[PDB]
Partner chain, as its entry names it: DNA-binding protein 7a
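Only one chain is given next, in structure tokens, and it is the form solved without its partner chain.
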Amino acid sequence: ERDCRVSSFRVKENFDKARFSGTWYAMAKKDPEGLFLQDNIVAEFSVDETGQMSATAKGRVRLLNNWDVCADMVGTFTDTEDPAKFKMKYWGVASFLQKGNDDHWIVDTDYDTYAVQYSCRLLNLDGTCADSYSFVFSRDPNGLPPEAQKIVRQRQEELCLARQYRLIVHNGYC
């Protein structure tokens, strides 16, 4: 039926770092194992003179089963040969927060309304993803317009993830 090989997934043709910069409100997320970013997630993308993309993220994060905190995260992106695929190094401004290095794919965007991101953290031996996450972002924290929503659904389906998202609240907790 559908091809769910990570290698088969389309990403944003000619991705434009500069156009993507600024403020992106996460509207929905598909969680990986051991989820971190919980809600109230707001991303701020930047590009420096050298053409390097970086970001910060603020939101409520899951520390222990028991509890969740407001945290500021930071990330920097290394280029690959595909201009929409990156390696993202990340850490928390607080030393004890999750840090790591994940693949960071801009699956689709129109720069001024919606973005779909995707990371496969671990492949299955059949090329399908064993452990993935995905954010759907909006420029407007009150949500996407219908045309954008519909494009986003199709991309979520193309990732083999359309059943597996939850909504992200923005209720001023942070």
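Numbering follows the first chain given and starts at 1. Only residues modelled in both forms are compared. C-alpha atoms forming the largest set that superposes within 1.5 Å between two forms make up the rigid core.
There is another form of the same protein, the form solved in complex with its partner chain; it is not shown, and what comes next is about it.
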Which of 66 to 74, 117 to 125, 103 to 111, 138 to 146 lies within 4.5 Å of its partner chain in the bound PDB entry, heavy atoms considered? The stretch 66 to 74
### Task
Would you check, heavy atoms only and a 4.5 Å threshold, whether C174 touches its partner chain in the bound PDB entry?
yes
Residue contact check: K29 to its partner chain in the bound PDB entry, 4.5 Å heavy atom
no
Check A84 for me: does it contact its partner chain in the bound PDB entry (non-hydrogen atoms, 4.5 angstroms)? no
inquiry  = Even though the partner isn't displayed, in the bound PDB entry is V61 close enough to its partner chain, meaning a heavy atom within 4.5 Å?
reply    = yes
Of the residues spanning 127 to 163, the ones with some heavy atom within 4.5 Å of its partner chain in the bound PDB entry are none
Superposing on the rigid core between the shown form and the other one, the only one of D140, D68, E44, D110 with a Cα displacement of 2 Å or more is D68
Q: Using a rigid core alignment, state whether the CA of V93 is displaced by 2 Å or more between the shown form and the other one.
A: no
Working note: in the bound PDB entry the C-alpha atoms of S132 and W67, off by 3 Å or more, come farther
Output row for the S95-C70 CA distance, |change| of 3 angstroms or more in the bound PDB entry, reads closer
Residue runs (3+) with all C-alpha shifts of 2 Å or more between the shown form and the other one, core-fitted, in sequence order, are 62 to 68, 94 to 97
